[PDB]
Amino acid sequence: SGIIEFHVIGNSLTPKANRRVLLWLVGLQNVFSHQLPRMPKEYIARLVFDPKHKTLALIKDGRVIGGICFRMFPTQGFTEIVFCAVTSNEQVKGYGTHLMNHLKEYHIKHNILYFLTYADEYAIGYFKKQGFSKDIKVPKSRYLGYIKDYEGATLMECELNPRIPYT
């Protein structure tokens, strides 16, 4: 096609059955590893290939140029943002925002209207631009022991509005 494409992919059972998806998952694992260099690569690989986790992939000419790895908790009423990266050469063009907006549209469709994520300090502003806040409204009992945590990171929340804003 020669245009960007959004694919929501993952490992449903085993990743070997669809080699195109497998190659994209490896690409995602490598993008996440390169852009989240303090994350252990084995941790990234495990979660990207975990069947409870999906990744919204941004593909350009067969190559993964970014993605958001997430876990949906429909009963909890929230989705956990696990990894969020754009490949370095493709950064600062609007893709990181483009990815998050898409992810929001997907979730509105699935009637999940809250994102929770941990953020390292130097990424907080990206999440703030995407409407995330450090003020958590999801009760602690809804996410404690559901979401993964990290030493020193800041928990942030985005409240989605399904209502289309028109001025």
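The numbering used is simple: start at 1 and walk along the sequence shown. Under this definition, the rigid core comprises the largest set of C-alpha atoms superposing within 1.5 Å between the forms.
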- Between 21-29 and 150-158, the one drifting more in C-alpha RMS in 5 other deposited structures of this protein once the core is aligned is 150-158
- Query: Is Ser12 unbuilt in at least a third of the other PDB entries compared?
  - Reply: no
- Greater mean Cα temperature factor according to the PDB record, 123-131 or 56-64: 56-64
- Per the PDB entry, mean CA B-factor is higher for 20-28 or 145-153, namely for 145-153
- Query: Out of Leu113, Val138, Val48, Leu103, which residue has the highest Cα temperature factor in the PDB record?
  - Reply: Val138
- Chain thirds by Cα B factor, record data; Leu99 belongs to the lowest
- Would you please rank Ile44 by its C-alpha temperature factor against the other modelled residues of its chain and give the third it falls in: lowest, middle or highest? middle
- Query: What third of its chain's C-alpha B-factors does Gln91 belong to: lowest, middle or highest?
  - Reply: middle
